[PDB]
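S.K.: Below you will find the structure I want to go over with you.
Each value in this text was obtained by applying a stated rule to the coordinates, not by laboratory testing. Using ideal geometry, Cβ is built from the backbone for each residue, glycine included, and neighbour counts are taken over all protein chains shown.
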Amino acid sequence: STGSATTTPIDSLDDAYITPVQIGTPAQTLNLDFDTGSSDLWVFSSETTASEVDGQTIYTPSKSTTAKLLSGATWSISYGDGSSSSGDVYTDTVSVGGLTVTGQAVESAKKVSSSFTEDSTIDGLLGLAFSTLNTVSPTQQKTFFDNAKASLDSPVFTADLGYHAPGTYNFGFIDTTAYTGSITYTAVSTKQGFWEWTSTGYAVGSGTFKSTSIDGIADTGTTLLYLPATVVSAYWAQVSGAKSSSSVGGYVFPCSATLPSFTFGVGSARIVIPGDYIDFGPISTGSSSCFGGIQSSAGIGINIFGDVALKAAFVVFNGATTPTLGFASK
């Protein structure tokens, strides 16, 4: 089997991407944030505290003839941005782009933090990291990809995120029309539960490539590109007037600037992020200070190849017995 679904930016900045997901019988379609940095499929639901729902579409398990309470199971998750959610668990039929999993753990939110409430466009998350990170207790649950894997034509999914445009998540096949050149594959460590890999270096604009190992995670659920402070300083030093602002929370730059590109290495191959992809617009409405799309990871503990980086590539998440990542230009 295979699946193919379009993923759409939630706003004009590509702050996140939503993909429609069918849950239950008859189908209830919710728009989920596919997140290769986490491993829980959770939704706003009929159980979510009413004051914490503000425009989201909710899953109502009592209206699904295939929903079953997973008795005793609870979940609770905290994300790197400080947001969180928690609740109980049903199993139900879940379909993405024509690919159906029966018995998928659907984690129903009883509580969500304010940033989720405040984002009316995201009805939940669909985790695509390794199932060892799944938070369901006392019986850990498998991700959608893990449950689908054996049925897929090939044990892979691909992320093809658009810049200010829709893109595609495919399951079970590699669309050879969706990229240029060849796909370069690189090793993955699953020791932290992430799609963790080592970039071979970087360049700023037309500058020379610096060969240096940068360990980080391919994370579709993170908006920006978070890299070591040395690398980020070298980038922003090429933008007149750019500075790190403690009050804003990162590097800002004059909105009148033209940003240089940023290149990252995948083995001997190179992925070029155009400068425009690094512009996240005014820090507040009407400001001439703009927020940068490349930020320091120094306070995180891990480097994160988020959407800014991934949207410049066609990315293969290869879930073979020994997982690997593939990157191609497009």
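S.K.: Can you give the relative contact order of the chain as a percent, counting alpha carbon pairs under 8 Å and 6+ residues apart?
M.R.: Relative contact order, the chain: 19 percent.
S.K.: While we're on this one: Can you sort 327, 264, 305 by how many other beta carbons sit within 10 Å, fewest first?
M.R.: Fewest to most other Cβ atoms nearby, the residues stand as 264, 327, 305.
S.K.: Under the Karplus relation 6.51 cos²θ - 1.76 cosθ + 1.60, θ = phi - 60°, what is the ordered set of whole-Hz ³J(HN,Hα) values for region 46-60, x standing for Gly and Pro?
M.R.: For region 46-60, the Karplus-derived couplings read 5, 8, 5, 2, 4, 5, 9, 9, 9, x, 5, 7, 10, 8, 10 Hz, x marking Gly and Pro.
S.K.: Could you compute the net charge surrounding residue 290? Neighbours are other residues with a C-beta less than 14 Å from the C-beta of residue 290; K and R count +1, D and E count -1.
M.R.: Residues near residue 290 contribute -1 overall.
S.K.: Please compute, for the alpha-carbon atoms of region 5-174, the extent along each of the three principal axes and give them in descending order in Å.
M.R.: Dimensions of region 5-174 along the principal axes of its Cα atoms: 39, 37, 31 Å.
S.K.: Now for a separate question. Relative contact order for region 175-330 using alpha-carbon pairs under 8 Å, separation at least 6, rounded to a whole percent?
M.R.: Averaging sequence separation for qualifying contacts and normalising by length gives 32 percent for region 175-330.
S.K.: Using label points projected 7 Å from each Cα along Cα→Cβ, tell me how many nm separate residue 248 and residue 175, to one decimal.
M.R.: In this crude spin-label approximation the distance works out to 3.5 nm.
S.K.: What residue among 227, 70, 126 has the largest mean-square fluctuation in a Gaussian network model of the chain, using Cα springs under 10 Å?
M.R.: Evaluated over the chain, the most mobile residue of the options is 70.
S.K.: OK, next. Using the Karplus curve 6.51 cos²θ - 1.76 cosθ + 1.60 with θ = phi - 60°, work out ³J(HN,Hα) for each residue of region 149-158 in order, rounded to whole Hz, and write x for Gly and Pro.
M.R.: Once θ is set to phi - 60°, the couplings for region 149-158 become 3, 5, 7, 5, 4, 9, x, 9, 9, 10 Hz.
S.K.: For region 175-330, what D do you get in µm² per second when you plug the Kirkwood radius from alpha-carbon pairs into Stokes-Einstein at 37 °C and 0.692 mPa s?
M.R.: 205
S.K.: Let me ask another. Could you bin all the Cα-Cα distances of region 119-261 into 5 Å bins starting at 0 and give me the percent of pairs in each, rounded to whole numbers?
M.R.: The calculated distribution, bin by bin, is 2, 7, 11, 16, 18, 16, 13, 9, 5, 2, 0.
S.K.: I would also like to ask the following. Who wins for biggest fluctuation among 261, 206, 246 in a Gaussian network model of the chain, springs between alpha carbons below 10 Å?
M.R.: With Cα springs under 10 Å in the chain, the top fluctuation among 261, 206, 246 is at 246.
S.K.: Given the DSSP H assignment, sum -39500 (n - 2.57) over each helix run of at least 4 residues in the chain and divide by its residue total; what's the result at 222 nm in deg cm²/dmol, nearest 500?
M.R.: When only DSSP H runs of four or more count, the value is -1500 deg cm²/dmol.
S.K.: Moving on. Report the residue, chosen from 273, 283, 23, that carries the largest GNM mean-square fluctuation when the chain is represented by alpha-carbon nodes joined by springs under 10 Å.
M.R.: 283
S.K.: Could I ask something else about it? Enter the Cα centre distance for the pair region 56-103 and region 290-330, rounded to the nearest angstrom.
M.R.: The two parts, judged by their Cα centres, are 26 Å apart.
S.K.: Can I ask one more? At what distance in nm do the modelled label points of residue 8 and residue 54 sit from each other, each positioned 7 Å from its Cα along Cα→Cβ?
M.R.: Label at residue 8, label at residue 54, 2.2 nm between them.
S.K.: Separate question: Using the number of other C-beta atoms within 10 angstrom as an exposure proxy, rank 13, 133, 32 with the fewest first.
M.R.: 13, 133, 32
S.K.: Right, another one. Report relative contact order for region 106-218 in percent, whole number only (criteria: Cα-Cα under 8 Å, sequence separation at least 6).
M.R.: Dividing the mean separation by the residue count of region 106-218 yields 16 percent.
S.K.: Sticking with this one: Skipping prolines and chain starts, which residues have an amide H placed within reach, meaning under 5 Å, of the one on residue 222, given they are 5 or more residues away or on another chain?
M.R.: Amide H neighbours of residue 222, under 5 Å, 5+ apart: 307.
S.K.: Apply the Karplus parameterisation 6.51 cos²θ - 1.76 cosθ + 1.60, with θ equal to phi minus 60°, to every residue of region 206-219 and state each ³J(HN,Hα) to the nearest whole Hz, in sequence, with x for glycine and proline.
M.R.: Karplus-based 3J(HN,Hα) across region 206-219 equals 7, x, 6, 6, 9, 7, 6, 7, 10, 6, x, 10, 8, 10 Hz.
S.K.: With unit charges on the beta carbons (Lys and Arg positive, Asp and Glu negative) and the dipole taken about the Cα centre of region 5-174, which residue among 102, 132, 41 sits farthest to the positive side?
M.R.: 102
S.K.: What is the distance, in nm, between label points placed 7 Å from the Cα along the Cα-to-Cβ direction at residue 150 and at residue 118?
M.R.: Output for this residue pair reads 4.4 nm.
S.K.: How charged is the neighbourhood of residue 307? Take every other residue with its Cβ under 9 Å from the Cβ of residue 307, and add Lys/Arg as +1 and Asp/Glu as -1.
M.R.: Its environment carries a net charge of -2.
S.K.: Could you quote the convex hull projected area for the chain, Cα atoms only and averaged over all directions, in nm²?
M.R.: With the hull built on Cα positions only, its mean projection is 16.3 nm².
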